[PDB]
Amino acid sequence: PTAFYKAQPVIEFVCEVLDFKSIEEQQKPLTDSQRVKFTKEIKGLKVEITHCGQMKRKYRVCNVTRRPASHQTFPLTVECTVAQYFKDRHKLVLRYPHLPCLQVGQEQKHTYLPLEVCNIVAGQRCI
Amino acid sequence: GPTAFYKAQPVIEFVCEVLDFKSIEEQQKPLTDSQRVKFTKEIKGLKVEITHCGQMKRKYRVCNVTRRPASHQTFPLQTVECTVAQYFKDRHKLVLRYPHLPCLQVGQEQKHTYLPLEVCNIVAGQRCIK
RNA sequence: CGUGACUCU
RNA sequence: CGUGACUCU
């Protein structure tokens with residue numbers, strides 16, 4: 001019988017996946033086990049971003065990063081952390097630097113989005 | 001004014017509301033100029049999505065309503081002018097149910113894209129502005 | 001629906 | 001319940 005994921009912040013989504021009532025029950029990085037579990041649930045879902053104003057760009061998740069936003073880097077040739085880049089480009093100080101990022105789009109484009117700036121898009125079937 | 005959004009609904013139903021019909025069957029002939037001008041004023045600038053392509057629910061934004069009904073409106077088909085109704089029967093296997101109603105013109109005008117009303121839905125979430 | 005774009009990460 | 005676009009017409 002068809003059911004659709006509730007449209008909601010990805011932070012709340014990972015709480016429900018990992019069985020916290022609040023995200024504060026996780027004030028450290030995910031274990032590998034928790035990452036794998038989360039990845040299995042969110043991979044293939046669309047999310048939309050929240051940090052660029054009314055430009056709510058939509059992406060599909062292809063992976064969850066193995067590093068917290070505070071340590072995950074991408075070739076910016078130099079390297080920048082995601083948490084830093086979101087400081088240096090969008091002037092947002094990540095509230096959850098220790099949680100990983102969603103990788104979206106084509107893998108080669110190394111687009112990482114903090115869980116913080118993503119909402120689950122409405123209307124997608126939960127199987 | 002306070003934000004409101006148009007109901008997502010088939011454009012045929014939308015046009016019955018604009019023209020105060022309860023049923024489109026009340027309009028068995030082409031629109032008059034005045035009926036067309038009233039309709040146009042309401043749908044112009046709204047996004048629609050089409051229904052004649054399976055799950056490819058392609059969206060376009062309305063820029064005008066054609067003067068001629070789909071049975072008589074034409075565009076350059078690769079070159080020869082072809083009626084909209086004829087093209088839809090040939091390409092889409094769709095014999096129009098309301099060939100006597102006009103088309104929405106959509107997108108950039110130069111592309112001469114005309115859509116029969118019956119293949120269009122008003123897209124949800126569009127502001128209705130006083 | 002899907003995807004590309006809004007110089008992104 | 002941002003804009004634009006293709007798979008048109």
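Quick note: numbers below take in every heavy atom, side chains included, and nothing from hydrogens, waters or symmetry partners. Just so we're on the same page: letters track the sequence lines, and every chain starts at 1.
- Between A/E41 and A/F13 there is a side-chain heavy-atom pair separated by less than 4.5 Å.
- Heavy atoms of A/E107 sit nowhere under 4.0 angstrom from any nucleic acid atom.
- For B/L104 and D/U9, the CG to P distance is 13 Å, given to the nearest whole Å.
- Atom CG of B/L46 is separated from atom P of D/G2 by 15 Å (rounded to the nearest Å).
- Within the 4.5 Å cutoff, the side chain of B/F75 has heavy atoms near those of the B/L77 side chain.
- In this structure, the CZ atom of B/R61 is 8 Å from the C1' atom of D/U3, given to the nearest Å.
- Comment: A/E48 engages A/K58 in a salt bridge, judged by a side-chain N to carboxylate O separation of less than 4.0 angstrom.
- To the nearest whole angstrom, the two P atoms, one in C/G2 and one in C/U7, are 23 Å apart.
- The phosphate of C/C8 (OP1 or OP2) has no side-chain N or O of A/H90 nearer than 4.0 angstrom.
- Residue-to-nucleotide proximity on RNA chain C shows that, of A/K46 and A/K109, the 5′-proximal contact is made by A/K46.
- A close approach under 4.0 Å does not occur between any side-chain nitrogen or oxygen of A/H51 and OP1 or OP2 of C/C8.
- Heavy-atom nearest nucleotides on RNA chain D were determined for B/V84 and for B/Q126, and the one closer to the 5' end corresponds to B/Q126.
- Classified by interplanar angle (parallel below 30°, tilted 30° to 60°, perpendicular above 60°), the ring pair B/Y114/B/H112 is tilted.
- A syn orientation is assigned to C/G4, its glycosidic angle lying within 90° of 0.
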So what does the secondary structure string of RNA chain C come out as, 5' to 3', with Watson-Crick or wobble pairs under 3.5 angstrom, [ ] for crossing and | for pairs with another strand? .||.||...
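- With rounding to the nearest 0.5 angstrom, the CZ atom of B/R97 is 10.0 Å from the NE2 atom of B/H100.
- With a 4.5 Å cut-off on side-chain heavy atoms, A/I120 and A/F4 do not count as touching.
- Across the protein-nucleic acid pair, B/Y60 atom OH and D/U3 atom P stand 17 Å apart, rounded to whole Å.
- When rounded to the nearest whole Å, the span between CZ of A/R89 and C1' of C/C6 equals 12 Å.
- RNA chain D lies under 4.0 Å from at least one heavy atom of each of the following residues of residues 112-123 of chain B: B/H112, B/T113, B/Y114, B/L115.
- A residue-by-residue look at B/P76 and B/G125 shows that B/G125 has its nearest nucleotide of RNA chain D further toward the 5' end.
- Not one side-chain nitrogen or oxygen of A/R57 sits closer than 4.0 Å to the OP1 or OP2 atom of C/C8.
- Taking a cutoff of 4.0 Å between a charged side-chain nitrogen and a carboxylate oxygen, A/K37 and A/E16 do not qualify as a salt bridge.
- B/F88 and B/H52 have tilted rings, their planes meeting at an angle from 30° to 60° on a 0 to 90° scale.
- B/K29 and B/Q27 share no side-chain donor-acceptor pair at under 3.5 Å.
- The separation between A/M55 atom CE and D/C1 atom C1' is 17 Å, rounded to whole Å.
- Residues from residues 69-77 of chain A that place a heavy atom under 4.0 Å from any atom of RNA chain C, listed by number: A/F74, A/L76.
- Look at CZ on B/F5: it is 7 Å from P on D/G2, rounded to the nearest Å.
- Proximity of B/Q108 to the phosphate of D/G4: no side-chain N or O atom is located under 4.0 Å from OP1 or OP2.
- To the nearest angstrom, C1' of D/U7 lies 16 Å from NZ of B/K59.
- The CD atom of B/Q35 lies 5.5 Å from the CG atom of B/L19; values are rounded to the nearest 0.5 Å.
- When only modelled atom types and interatomic distance are considered, A/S33 and A/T31 share no side-chain donor-acceptor pair under 3.5 Å.
- A donor-acceptor pair shorter than 3.5 Å can be found between the side chains of B/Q108 and B/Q110.
- Inter-residue side-chain proximity for A/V121 and A/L45 is flagged as unmet; no heavy-atom pair is nearer than 4.5 Å.
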